[PDB]
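S.K.: Following this message is one structure expressed as structure tokens.
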Amino acid sequence: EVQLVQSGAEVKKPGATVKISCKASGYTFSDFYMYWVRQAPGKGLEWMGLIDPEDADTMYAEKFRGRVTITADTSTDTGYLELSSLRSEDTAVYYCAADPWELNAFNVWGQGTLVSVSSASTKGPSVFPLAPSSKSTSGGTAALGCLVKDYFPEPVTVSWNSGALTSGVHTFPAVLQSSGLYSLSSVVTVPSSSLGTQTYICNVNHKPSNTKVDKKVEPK
Amino acid sequence: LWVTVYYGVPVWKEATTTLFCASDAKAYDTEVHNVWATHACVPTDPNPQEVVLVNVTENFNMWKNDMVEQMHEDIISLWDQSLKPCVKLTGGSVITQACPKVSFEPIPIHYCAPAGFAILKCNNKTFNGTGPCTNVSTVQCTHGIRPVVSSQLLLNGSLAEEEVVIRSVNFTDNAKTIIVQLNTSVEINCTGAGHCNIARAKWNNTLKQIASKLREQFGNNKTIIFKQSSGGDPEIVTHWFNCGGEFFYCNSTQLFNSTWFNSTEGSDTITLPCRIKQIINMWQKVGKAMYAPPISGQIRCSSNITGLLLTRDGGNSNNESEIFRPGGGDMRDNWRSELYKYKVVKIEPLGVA
Amino acid sequence: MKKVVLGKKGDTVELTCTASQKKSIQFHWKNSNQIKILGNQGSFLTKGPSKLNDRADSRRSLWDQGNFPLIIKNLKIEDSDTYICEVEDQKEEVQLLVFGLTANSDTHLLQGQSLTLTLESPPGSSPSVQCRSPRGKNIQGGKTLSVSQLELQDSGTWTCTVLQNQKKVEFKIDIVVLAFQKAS
Amino acid sequence: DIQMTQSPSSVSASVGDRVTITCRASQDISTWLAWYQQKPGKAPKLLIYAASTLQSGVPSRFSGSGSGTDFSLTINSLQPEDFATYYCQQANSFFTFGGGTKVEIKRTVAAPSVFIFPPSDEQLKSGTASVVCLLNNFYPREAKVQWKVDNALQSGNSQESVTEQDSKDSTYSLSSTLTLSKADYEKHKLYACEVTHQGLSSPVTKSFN
Ligand SMILES: *[C@@H]1O[C@H](CO[C@H]2O[C@@H](C)[C@@H](O)[C@@H](O)[C@@H]2O)[C@@H](O)[C@H](O)[C@H]1NC(C)=O
Ligand SMILES: *[C@@H]1O[C@H](CO)[C@@H](O)[C@H](O)[C@H]1NC(C)=O
Ligand SMILES: *[C@@H]1O[C@H](CO)[C@@H](O)[C@H](O)[C@H]1NC(C)=O
Ligand SMILES: *[C@@H]1O[C@H](CO)[C@@H](O)[C@H](O)[C@H]1NC(C)=O
Ligand SMILES: *[C@@H]1O[C@H](CO)[C@@H](O)[C@H](O)[C@H]1NC(C)=O
Ligand SMILES: *[C@@H]1O[C@H](CO)[C@@H](O)[C@H](O)[C@H]1NC(C)=O
Ligand SMILES: *[C@@H]1O[C@H](CO)[C@@H](O)[C@H](O)[C@H]1NC(C)=O
Ligand SMILES: *[C@@H]1O[C@H](CO)[C@@H](O)[C@H](O)[C@H]1NC(C)=O
Ligand SMILES: *[C@@H]1O[C@H](CO)[C@@H](O)[C@H](O)[C@H]1NC(C)=O
Ligand SMILES: *[C@@H]1O[C@H](CO)[C@@H](O)[C@H](O)[C@H]1NC(C)=O
Ligand SMILES: *[C@H]1O[C@H](CO)[C@@H](O)[C@H](O)[C@H]1NC(C)=O
């Protein structure tokens, strides 16, 4: 019934100004406050501001005053959010919430809007293999996997054998470098005996740059 | 008759001094007005009397009464220690503090002259407030004045003793407020459910009275029309007023959509769309303040509409008709609607004859 | 004389008002028909029944210093009028004049590209338009300034400066040249 | 603004165990507080509002108390689906969130399976080399990784990242990347990463040539 449907991910360069939306449904929009929250990658939640659509009364956190602006088009039941003078530490997911039941807390939430702010632009990943060292004369299980280097922005989904091999798979979270390009790495442990026969293929997908890349690994 | 009598005639002069105040406050009531009044006032009368001064004429000026300035500062000083907001935005500065919900009902206050001074009082029933009063008298203290803060409608106030009275520092200047005094109070029953009731038929006549007083002031040949607030802040555009700690903003358009002296069921009770607000503009000074959410669901407040704050539109075009809209905002007009007949004076040596 | 302020159509203008002492006091902005535009009631703002209603709006933060501006956004030509600020027994007057300027360019085959700049001036005023070709080719004009056939060099940034009551307002127009004649 | 300070930052507990996390406002905010739960990869879920009032459809074993400045959320019989990160939040005007409190599991100390991967073929044909170090399935999440090239410890040019706790064996995995260049990689021949974990009797070094 009630819902808050935000907009899609957006990429910006430092100094730019992003403005995302949040179309609302299931209740009288103009009768309730709306709140905005952002969450840096793997960091705690952080409130940003609110607004009463009726009189457009707004409140902001100290860390955003005179740099952020919240509005609300009452006619289309949509709320917006502007962030001037973007920086490098503004890279985070942006949620919008509301409280159509007036419990004074955030009951309804949006699906989120990923905003990535860096110097680089959307660039596909350069994949480099990570083959086993010592093979079928050594141990019982050996590590293996792929490496997705230099790309922007997130996300990037990785599978193995078209979704067949999901056992021992460890897709590490991405990391931002000094260059401004993420770089994760997927691995998987398997019997060092089935190396000579079985072929392992990882499936990458960089939705931003519309990239689709497969790769084979080999200890030959 | 051969018995020459020597009179000691009184002599006074316009002056200004810090007055004190008296109230029927209770030291066991934990509501803010009672609490403030207790530590800041004196017990009451209880049988007040005035000294009528025969065949004496005195000039007044409600729009320049330094009694108002003093009362204003007191009501401000009251809210400061009483209604604590959660957030206070003033002059690029932001403040956060606890904001406990507190019982809030205005209590009548009497402003009294100290040792050495006196307060002249006009006894003329139909008195505009600026000019000569030919029926004055002396008092120790004013009457009971409730510090009702609000706009558009004046609540729990004092009725005119004869006919409806209108007062303005300058009727010609359209930027000037028209303080109105009714001779018959109209009840406005409010509720936390977000609406306010007002008898339709009674309020109808109430407007015919006001209209007739206005048509008289601006030529008895002009059509009198009432319209909704022309715009501004929420506290101005709607009938803003406090009621149990919560600030109410009521749509007043159904009140002020009439045309009189023109030519040219039936609601049984005007129902006004209302709504509390946590974020409000300040009347003390410039700034905003945010308060906590309402508590109990039972927020019923019944008040008497005894006055109005109007404004006229006019302009070098409006001929054959005048337009009046609700207004207010300057809480001093609210004070002046009560302190209009008073005037503090300094007493000095008597003058023989 | 009277204080005159020129403004550009679509632009925003701030008309100033200053009291003798630095404190918030009852002010009020009206026009020449004594029609309430905008004023205060203590620390509350109020707007009159004028046509600038939705577009006029001072800001309060400065009232405490005796500053009571009347700001008009998205100016129109109808916003040309004398505005009087009444504060403490004084009625300071100001003449507002808003100019506008449109550009039509029609290019035809076997002809070339023409350009016509039209000045929308306020009722009762004597403006003098002076448009500057990118390469420095100034052209005189009254209400409208025409150019029969543009040239390749005329492509760029034209500055048209309007002259009224001793001072001026500057318009900028980026001209894109679609077609120019050439001896074959 | 007003500060919300919750502690501890992290707490480990077993199932059936009872856990208490506290919050603390720098200024009085009455009973206007809220608690949220948030599992990795998804949006927060309202648990408690008005400091003590339970949200509809939420297990009774959840409850918060306190009033004014000192508050606390408490879970009775801890459950498998109760392991997440919890936040408190001022709710009277501003809506500042508390630092955060992660409630992770609890299991036995496990030694890390240490690996080391040298730069491959294609990565050298681009003129930029990076060495990977892999610590597999271990506990707890605490581990100190140092990079020593030719017995020369350097710092600043390495980046690590840890996975979330495994849903099955509830262990972590960490990978450290040593980024260099095209020439600084060939001018040397012995690389290694010393791994100090509490589940290891002595520091374990993994190298290659
Ligand atoms: C105003 O009220 C008139 C009635 O007089 C009022 O005075 C009260 C003090 C009380 O004693 C009663 O006499 C009445 O309530 C009413 O008849 C007039 O029509 C009104 N005058 C106008 C038109 O302004
Ligand atoms: C007016 O006042 C005087 C006393 O000051 C009084 O004696 C006189 O009778 C009064 N005039 C009238 C109306 O009789
Ligand atoms: C003056 O006012 C009183 C009531 O306050 C009234 O009784 C008296 O008749 C008035 N005096 C005259 C004659 O105007
Ligand atoms: C009342 O006010 C008018 C001006 O509005 C003034 O001229 C007159 O002297 C005052 N006295 C009356 C009529 O009560
Ligand atoms: C009250 O009003 C009139 C207005 O002219 C004023 O002159 C006088 O003081 C009073 N009139 C009376 C008492 O009849
Ligand atoms: C009264 O108002 C008119 C209209 O604004 C004004 O012209 C006149 O100066 C004012 N009178 C006084 C007392 O200044
Ligand atoms: C209520 O007030 C608003 C302005 O605040 C007005 O626009 C609207 O028409 C009014 N509604 C009713 C009941 O007429
Ligand atoms: C005033 O407002 C009401 C609705 O609240 C409307 O129906 C009515 O027509 C208006 N009255 C006049 C005189 O136009
Ligand atoms: C009164 O009614 C007439 C129509 O009968 C209307 O045109 C007029 O505007 C109204 N009042 C005025 C301003 O004359
Ligand atoms: C008016 O007085 C009554 C006393 O019963 C009170 O209930 C009400 O709150 C008052 N109204 C205002 C606006 O203070
Ligand atoms: C006016 O209203 C109050 C309640 O707000 C009531 O107590 C009082 O009796 C009323 N006065 C009249 C004249 O009915």
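By convention in this document, the chains of the structure tokens carry letters A, B, ... by their order, each chain's residues are numbered from 1, and ligands are numbered from 1 in the order they are shown.
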Which of stretch 95-139 of chain B counts as strand (DSSP E) under DSSP, as a list in words please?
M.R.: residues 95, 96, 110, 111, 112, 117, 118, 119, 120, 121, 130, 131, 132, 133, 137, 138 and 139 of chain B
S.K.: When the cut-off is 7 Å and you count only C-alpha atoms and all ligand atoms, which residues lie near ligand 1, shown as an mmCIF file with N, CA and C atoms, in the first residue's frame?
M.R.:
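Done, and the output landed in selection19.cif:
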data_model
loop_
_atom_site.group_PDB
_atom_site.id
_atom_site.type_symbol
_atom_site.label_atom_id
_atom_site.label_comp_id
_atom_site.auth_asym_id
_atom_site.auth_seq_id
_atom_site.Cartn_x
_atom_site.Cartn_y
_atom_site.Cartn_z
ATOM 1 N N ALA B 160 -17.086 45.901 24.371
ATOM 2 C CA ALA B 160 -17.543 47.282 24.445
ATOM 3 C C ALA B 160 -18.843 47.336 25.238
ATOM 4 N N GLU B 161 -19.020 48.398 26.015
ATOM 5 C CA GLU B 161 -20.161 48.490 26.916
ATOM 6 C C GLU B 161 -21.437 48.957 26.213
ATOM 7 N N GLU B 162 -21.290 49.532 25.026
ATOM 8 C CA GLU B 162 -22.443 49.983 24.256
ATOM 9 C C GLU B 162 -22.502 49.323 22.885
ATOM 10 N N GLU B 163 -21.933 49.993 21.890
ATOM 11 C CA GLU B 163 -21.933 49.481 20.529
ATOM 12 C C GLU B 163 -20.534 49.043 20.120
ATOM 13 N N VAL B 164 -20.442 48.359 18.986
ATOM 14 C CA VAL B 164 -19.160 47.894 18.474
ATOM 15 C C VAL B 164 -18.228 49.064 18.173
ATOM 16 N N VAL B 165 -16.996 48.970 18.657
ATOM 17 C CA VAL B 165 -16.036 50.056 18.519
ATOM 18 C C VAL B 165 -14.900 49.642 17.604
ATOM 19 N N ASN B 183 -19.501 44.092 21.198
ATOM 20 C CA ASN B 183 -20.341 44.289 22.371
ATOM 21 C C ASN B 183 -21.038 42.992 22.757
ATOM 22 N N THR B 184 -20.696 41.923 22.045
ATOM 23 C CA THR B 184 -21.286 40.611 22.264
ATOM 24 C C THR B 184 -20.306 39.539 21.810
ATOM 25 N N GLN B 209 -22.731 44.197 12.169
ATOM 26 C CA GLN B 209 -22.429 45.263 13.116
ATOM 27 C C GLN B 209 -21.129 45.938 12.724
ATOM 28 N N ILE B 210 -20.075 45.140 12.574
ATOM 29 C CA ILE B 210 -18.768 45.653 12.192
ATOM 30 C C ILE B 210 -18.842 46.405 10.871
ATOM 31 N N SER B 212 -21.321 47.909 9.491
ATOM 32 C CA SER B 212 -22.030 49.171 9.628
ATOM 33 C C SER B 212 -21.147 50.231 10.281
ATOM 34 N N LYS B 213 -20.270 49.798 11.177
ATOM 35 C CA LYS B 213 -19.335 50.714 11.829
ATOM 36 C C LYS B 213 -18.253 51.165 10.862
#
S.K.: Show which residues sit within 10 Å of residue B:42, as a ChimeraX atom specification. Count only C-alpha atoms, and ignore same-chain residues fewer than 3 positions away.
M.R.: /B:20-25,37-39,45,109-110,112
S.K.: What lies within 10 Å of stretch 177-183 of chain C using only C-alpha atoms, ignoring chain neighbours under 2 positions off, as a VMD selection string?
M.R.: chain C and resid 105 to 115 149 to 156 174 to 175
S.K.: Store the residues picked out above in a file with N, CA and C atoms, as a PDB file, in the first residue's frame.
M.R.:
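Final output, part-v1.pdb:
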ATOM      1  N   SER C 105      15.298  35.171 -35.453  1.00  0.00           N
ATOM      2  CA  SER C 105      16.210  34.998 -36.577  1.00  0.00           C
ATOM      3  C   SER C 105      15.673  34.007 -37.605  1.00  0.00           C
ATOM      4  N   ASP C 106      15.285  34.520 -38.769  1.00  0.00           N
ATOM      5  CA  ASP C 106      14.738  33.685 -39.838  1.00  0.00           C
ATOM      6  C   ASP C 106      15.692  33.566 -41.022  1.00  0.00           C
ATOM      7  N   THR C 107      16.130  32.346 -41.297  1.00  0.00           N
ATOM      8  CA  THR C 107      17.005  32.098 -42.438  1.00  0.00           C
ATOM      9  C   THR C 107      16.254  31.428 -43.596  1.00  0.00           C
ATOM     10  N   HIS C 108      16.378  32.007 -44.789  1.00  0.00           N
ATOM     11  CA  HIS C 108      15.687  31.503 -45.970  1.00  0.00           C
ATOM     12  C   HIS C 108      16.677  31.116 -47.061  1.00  0.00           C
ATOM     13  N   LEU C 109      16.312  30.127 -47.868  1.00  0.00           N
ATOM     14  CA  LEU C 109      17.135  29.747 -49.006  1.00  0.00           C
ATOM     15  C   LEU C 109      17.050  30.828 -50.084  1.00  0.00           C
ATOM     16  N   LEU C 110      18.161  31.071 -50.767  1.00  0.00           N
ATOM     17  CA  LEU C 110      18.253  32.130 -51.774  1.00  0.00           C
ATOM     18  C   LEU C 110      18.161  33.516 -51.146  1.00  0.00           C
ATOM     19  N   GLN C 111      18.437  33.591 -49.850  1.00  0.00           N
ATOM     20  CA  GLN C 111      18.369  34.852 -49.132  1.00  0.00           C
ATOM     21  C   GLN C 111      19.499  34.951 -48.121  1.00  0.00           C
ATOM     22  N   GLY C 112      19.441  34.101 -47.101  1.00  0.00           N
ATOM     23  CA  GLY C 112      20.397  34.155 -46.013  1.00  0.00           C
ATOM     24  C   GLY C 112      19.679  34.288 -44.684  1.00  0.00           C
ATOM     25  N   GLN C 113      20.426  34.626 -43.638  1.00  0.00           N
ATOM     26  CA  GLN C 113      19.866  34.689 -42.297  1.00  0.00           C
ATOM     27  C   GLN C 113      19.631  36.132 -41.862  1.00  0.00           C
ATOM     28  N   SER C 114      18.402  36.433 -41.441  1.00  0.00           N
ATOM     29  CA  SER C 114      18.083  37.760 -40.918  1.00  0.00           C
ATOM     30  C   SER C 114      17.983  37.736 -39.396  1.00  0.00           C
ATOM     31  N   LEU C 115      18.152  38.901 -38.781  1.00  0.00           N
ATOM     32  CA  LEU C 115      18.096  39.015 -37.331  1.00  0.00           C
ATOM     33  C   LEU C 115      17.329  40.263 -36.923  1.00  0.00           C
ATOM     34  N   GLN C 149      21.056  40.402 -43.661  1.00  0.00           N
ATOM     35  CA  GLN C 149      21.802  39.167 -43.876  1.00  0.00           C
ATOM     36  C   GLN C 149      23.051  39.118 -43.014  1.00  0.00           C
ATOM     37  N   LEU C 150      23.095  38.148 -42.107  1.00  0.00           N
ATOM     38  CA  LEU C 150      24.258  37.950 -41.248  1.00  0.00           C
ATOM     39  C   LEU C 150      25.469  37.478 -42.048  1.00  0.00           C
ATOM     40  N   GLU C 151      26.640  37.526 -41.420  1.00  0.00           N
ATOM     41  CA  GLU C 151      27.852  37.018 -42.036  1.00  0.00           C
ATOM     42  C   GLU C 151      28.508  36.028 -41.092  1.00  0.00           C
ATOM     43  N   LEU C 152      29.504  35.311 -41.594  1.00  0.00           N
ATOM     44  CA  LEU C 152      30.181  34.294 -40.806  1.00  0.00           C
ATOM     45  C   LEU C 152      30.846  34.868 -39.558  1.00  0.00           C
ATOM     46  N   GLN C 153      31.298  36.116 -39.643  1.00  0.00           N
ATOM     47  CA  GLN C 153      31.988  36.760 -38.529  1.00  0.00           C
ATOM     48  C   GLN C 153      31.030  37.182 -37.417  1.00  0.00           C
ATOM     49  N   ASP C 154      29.775  37.426 -37.782  1.00  0.00           N
ATOM     50  CA  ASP C 154      28.767  37.865 -36.824  1.00  0.00           C
ATOM     51  C   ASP C 154      28.387  36.768 -35.829  1.00  0.00           C
ATOM     52  N   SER C 155      28.922  35.573 -36.026  1.00  0.00           N
ATOM     53  CA  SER C 155      28.655  34.473 -35.111  1.00  0.00           C
ATOM     54  C   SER C 155      29.458  34.663 -33.831  1.00  0.00           C
ATOM     55  N   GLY C 156      28.758  34.763 -32.707  1.00  0.00           N
ATOM     56  CA  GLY C 156      29.415  34.938 -31.424  1.00  0.00           C
ATOM     57  C   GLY C 156      28.538  35.585 -30.365  1.00  0.00           C
ATOM     58  N   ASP C 174      23.935  35.231 -27.626  1.00  0.00           N
ATOM     59  CA  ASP C 174      24.774  34.356 -28.435  1.00  0.00           C
ATOM     60  C   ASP C 174      24.095  34.107 -29.778  1.00  0.00           C
ATOM     61  N   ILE C 175      24.716  34.594 -30.850  1.00  0.00           N
ATOM     62  CA  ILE C 175      24.165  34.429 -32.194  1.00  0.00           C
ATOM     63  C   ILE C 175      24.808  33.265 -32.947  1.00  0.00           C
TER      64      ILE C 175
END
S.K.: Do you have the atom CA of residue B:258-atom CA of residue B:227 distance handy?
M.R.: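 These atoms are spaced 7.1 Å apart.
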S.K.: Select, as a list in words, those residues of chain A with any atom no more than 8 Å from chain B (distances computed using only C-alpha atoms).
M.R.: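 The selection requested is residues 55, 57 and 104 of chain A.
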S.K.: Output C-alpha atoms for every residue in that selection, as a PDB file, in the first residue's frame.
M.R.:
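Written out: selection.pdb:
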ATOM      1  CA  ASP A  55       4.494  25.489   4.557  1.00  0.00           C
ATOM      2  CA  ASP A  57       9.327  24.407   6.721  1.00  0.00           C
ATOM      3  CA  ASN A 104       7.835  10.221  15.446  1.00  0.00           C
TER       4      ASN A 104
END
S.K.: Taking only C-alpha atoms and all ligand atoms into account, list the residues no farther than 9 Å from ligand 5, as a PyMOL selection string.
M.R.: chain B and resi 57-58+122-128+131-136
S.K.: Could the residues in this selection be written to a file with N, CA, C and O atoms, as a compact mmCIF listing (two decimals), in the first residue's frame?
M.R.:
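File produced: selection-v4.txt:
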# COMPACT_ATOMS: atom_id res chain seq x y z
N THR B 57 -11.28 67.07 31.79
CA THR B 57 -11.00 66.54 30.46
C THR B 57 -9.52 66.20 30.32
O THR B 57 -8.66 66.99 30.71
N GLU B 58 -9.25 65.03 29.76
CA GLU B 58 -7.89 64.55 29.61
C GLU B 58 -7.69 63.91 28.24
O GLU B 58 -8.61 63.28 27.71
N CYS B 122 -10.33 56.16 31.35
CA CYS B 122 -11.49 56.73 30.69
C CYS B 122 -12.74 55.92 31.01
O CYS B 122 -12.75 54.70 30.88
N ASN B 123 -13.79 56.61 31.45
CA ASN B 123 -15.05 55.96 31.79
C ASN B 123 -16.07 56.10 30.67
O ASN B 123 -17.15 55.51 30.72
N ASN B 124 -15.72 56.91 29.67
CA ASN B 124 -16.54 57.06 28.48
C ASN B 124 -16.61 55.73 27.73
O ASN B 124 -15.57 55.19 27.32
N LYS B 125 -17.82 55.21 27.55
CA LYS B 125 -18.01 53.86 27.01
C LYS B 125 -17.61 53.73 25.54
O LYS B 125 -16.96 52.75 25.16
N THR B 126 -18.00 54.69 24.72
CA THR B 126 -17.61 54.71 23.32
C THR B 126 -16.46 55.68 23.11
O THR B 126 -16.66 56.84 22.74
N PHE B 127 -15.25 55.20 23.36
CA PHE B 127 -14.06 56.03 23.27
C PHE B 127 -13.05 55.39 22.33
O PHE B 127 -12.68 54.22 22.51
N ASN B 128 -12.60 56.14 21.33
CA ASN B 128 -11.72 55.60 20.30
C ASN B 128 -10.29 55.37 20.78
O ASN B 128 -9.58 54.52 20.24
N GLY B 131 -7.61 61.14 21.87
CA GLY B 131 -8.35 62.39 21.95
C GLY B 131 -8.77 62.68 23.37
O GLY B 131 -8.34 62.01 24.30
N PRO B 132 -9.62 63.70 23.55
CA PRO B 132 -10.06 64.09 24.89
C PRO B 132 -11.13 63.15 25.46
O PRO B 132 -12.09 62.81 24.77
N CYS B 133 -10.93 62.74 26.71
CA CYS B 133 -11.95 62.01 27.45
C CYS B 133 -12.56 62.94 28.48
O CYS B 133 -11.85 63.50 29.32
N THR B 134 -13.87 63.10 28.42
CA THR B 134 -14.57 64.01 29.33
C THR B 134 -15.31 63.23 30.41
O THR B 134 -16.45 63.56 30.75
N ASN B 135 -14.65 62.22 30.95
CA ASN B 135 -15.22 61.40 32.02
C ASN B 135 -14.17 60.46 32.60
O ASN B 135 -14.39 59.25 32.69
N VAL B 136 -13.03 61.02 33.00
CA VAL B 136 -11.92 60.21 33.50
C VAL B 136 -12.10 59.84 34.97
O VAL B 136 -13.11 60.16 35.59
S.K.: For chain D, report every residue with an atom at most 10 Å from chain B (counting only C-alpha atoms), formatted as a list in words.
M.R.: residues 1, 2, 26, 27, 28, 29, 30, 32, 68, 69, 91, 92, 93 and 94 of chain D
S.K.: Give me, as JSON, numbers by chain, the set of residues whose atoms come within 7 Å of any atom of ligand 7, counting only C-alpha atoms and all ligand atoms.
M.R.: {"B": [237, 238, 251, 252, 253, 254, 272, 273]}
S.K.: Could the residues of chain B that have an atom at most 7 Å from ligand 9 be listed as a tab-separated table, each with its closest atom pair and the distance in Å to one decimal, counting only C-alpha atoms and all ligand atoms and ordered by chain and ascending residue number?
M.R.:
residue	atom	partner	partner_atom_place_in_ligand_line	distance
B:223	CA	ligand 9	11 (N)	6.1
B:262	CA	ligand 9	1 (C)	4.8
B:263	CA	ligand 9	5 (O)	5.1
B:264	CA	ligand 9	5 (O)	4.8
B:320	CA	ligand 9	14 (O)	6.2
B:321	CA	ligand 9	13 (C)	5.1
S.K.: Please indicate the distance in Å from atom CA of residue C:162 to atom CA of residue C:1, rounded to one decimal place.
M.R.: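 We find that atom CA of residue C:162 and atom CA of residue C:1 lie 21.3 Å from each other.
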S.K.: With only C-alpha atoms and all ligand atoms counted, collect every polymer residue having an atom within 12 Å of ligand 2; state the result as a PDB file with N, CA and C atoms, in the first residue's frame.
M.R.:
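Generated file (out_28.pdb):
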ATOM      1  N   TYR B   7      -9.810  75.572  48.297  1.00  0.00           N
ATOM      2  CA  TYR B   7      -9.668  74.216  47.765  1.00  0.00           C
ATOM      3  C   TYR B   7      -8.220  73.861  47.453  1.00  0.00           C
ATOM      4  N   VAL B   9      -6.517  71.783  44.984  1.00  0.00           N
ATOM      5  CA  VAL B   9      -6.721  71.081  43.721  1.00  0.00           C
ATOM      6  C   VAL B   9      -5.520  70.206  43.376  1.00  0.00           C
ATOM      7  N   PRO B  10      -5.778  68.985  42.876  1.00  0.00           N
ATOM      8  CA  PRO B  10      -4.705  68.051  42.513  1.00  0.00           C
ATOM      9  C   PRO B  10      -3.959  68.480  41.254  1.00  0.00           C
ATOM     10  N   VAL B  52     -13.618  59.169  40.603  1.00  0.00           N
ATOM     11  CA  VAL B  52     -14.169  60.009  39.541  1.00  0.00           C
ATOM     12  C   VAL B  52     -13.741  61.460  39.737  1.00  0.00           C
ATOM     13  N   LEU B  53     -13.275  62.093  38.665  1.00  0.00           N
ATOM     14  CA  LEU B  53     -12.845  63.490  38.715  1.00  0.00           C
ATOM     15  C   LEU B  53     -13.813  64.374  37.934  1.00  0.00           C
ATOM     16  N   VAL B  54     -14.692  65.066  38.656  1.00  0.00           N
ATOM     17  CA  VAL B  54     -15.791  65.809  38.043  1.00  0.00           C
ATOM     18  C   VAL B  54     -15.339  66.912  37.089  1.00  0.00           C
ATOM     19  N   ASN B  55     -16.047  67.034  35.969  1.00  0.00           N
ATOM     20  CA  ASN B  55     -15.768  68.068  34.970  1.00  0.00           C
ATOM     21  C   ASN B  55     -14.285  68.230  34.626  1.00  0.00           C
ATOM     22  N   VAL B  56     -13.620  67.098  34.415  1.00  0.00           N
ATOM     23  CA  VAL B  56     -12.213  67.074  34.029  1.00  0.00           C
ATOM     24  C   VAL B  56     -12.062  66.438  32.652  1.00  0.00           C
ATOM     25  N   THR B  57     -11.277  67.074  31.788  1.00  0.00           N
ATOM     26  CA  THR B  57     -11.004  66.539  30.463  1.00  0.00           C
ATOM     27  C   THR B  57      -9.522  66.202  30.318  1.00  0.00           C
ATOM     28  N   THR B 134     -13.873  63.102  28.424  1.00  0.00           N
ATOM     29  CA  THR B 134     -14.568  64.007  29.326  1.00  0.00           C
ATOM     30  C   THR B 134     -15.311  63.235  30.412  1.00  0.00           C
ATOM     31  N   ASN B 135     -14.649  62.215  30.952  1.00  0.00           N
ATOM     32  CA  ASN B 135     -15.218  61.399  32.017  1.00  0.00           C
ATOM     33  C   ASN B 135     -14.173  60.458  32.601  1.00  0.00           C
TER      34      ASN B 135
END
S.K.: Under the rule of at most 10 Å, produce a per-residue listing of chain A near chain D: chain, number, name, the closest pair of atoms, and the distance in Å, as CSV, using only C-alpha atoms.
M.R.:
residue,atom,partner,partner_atom,distance
A:35,CA,D:95,CA,8.9
A:36,CA,D:95,CA,10.0
A:37,CA,D:95,CA,9.6
A:42,CA,D:40,CA,8.3
A:43,CA,D:100,CA,8.9
A:44,CA,D:100,CA,6.1
A:45,CA,D:97,CA,6.5
A:46,CA,D:97,CA,6.2
A:47,CA,D:96,CA,5.8
A:48,CA,D:96,CA,8.6
A:49,CA,D:94,CA,8.0
A:50,CA,D:94,CA,8.5
A:59,CA,D:94,CA,7.8
A:60,CA,D:94,CA,8.4
A:61,CA,D:1,CA,7.2
A:62,CA,D:1,CA,6.5
A:63,CA,D:1,CA,9.4
A:95,CA,D:43,CA,8.4
A:103,CA,D:49,CA,6.7
A:104,CA,D:91,CA,5.7
A:105,CA,D:91,CA,6.2
A:106,CA,D:46,CA,6.9
A:107,CA,D:46,CA,6.2
A:108,CA,D:46,CA,8.9
A:109,CA,D:43,CA,7.4
A:110,CA,D:43,CA,8.1
A:111,CA,D:43,CA,7.3
A:112,CA,D:43,CA,8.0
A:126,CA,D:123,CA,8.9
A:127,CA,D:122,CA,8.7
A:128,CA,D:122,CA,6.3
A:129,CA,D:120,CA,6.7
A:130,CA,D:117,CA,6.8
A:131,CA,D:117,CA,8.0
A:132,CA,D:117,CA,8.4
A:133,CA,D:117,CA,8.0
A:142,CA,D:115,CA,9.4
A:143,CA,D:115,CA,7.8
A:144,CA,D:117,CA,9.4
A:147,CA,D:132,CA,9.5
A:149,CA,D:123,CA,9.7
A:170,CA,D:163,CA,7.6
A:171,CA,D:163,CA,7.8
A:172,CA,D:163,CA,5.6
A:173,CA,D:161,CA,6.6
A:174,CA,D:161,CA,7.7
A:175,CA,D:161,CA,7.1
A:176,CA,D:159,CA,8.7
A:177,CA,D:159,CA,7.9
A:178,CA,D:157,CA,8.9
A:183,CA,D:177,CA,9.7
A:184,CA,D:161,CA,8.9
A:185,CA,D:175,CA,8.5
A:187,CA,D:134,CA,9.5
A:189,CA,D:136,CA,9.4
S.K.: What are the residues of chain C that have an atom within 10 Å of an atom of chain B, counting only C-alpha atoms, as a ChimeraX atom specification?
M.R.: /C:24,26-50,53-54,57,60-64,86
S.K.: Could you give me, as a ChimeraX atom specification, every polymer residue with an atom at most 6 Å away from an atom of ligand 11, counting only C-alpha atoms and all ligand atoms?
M.R.: /B:185,302-304
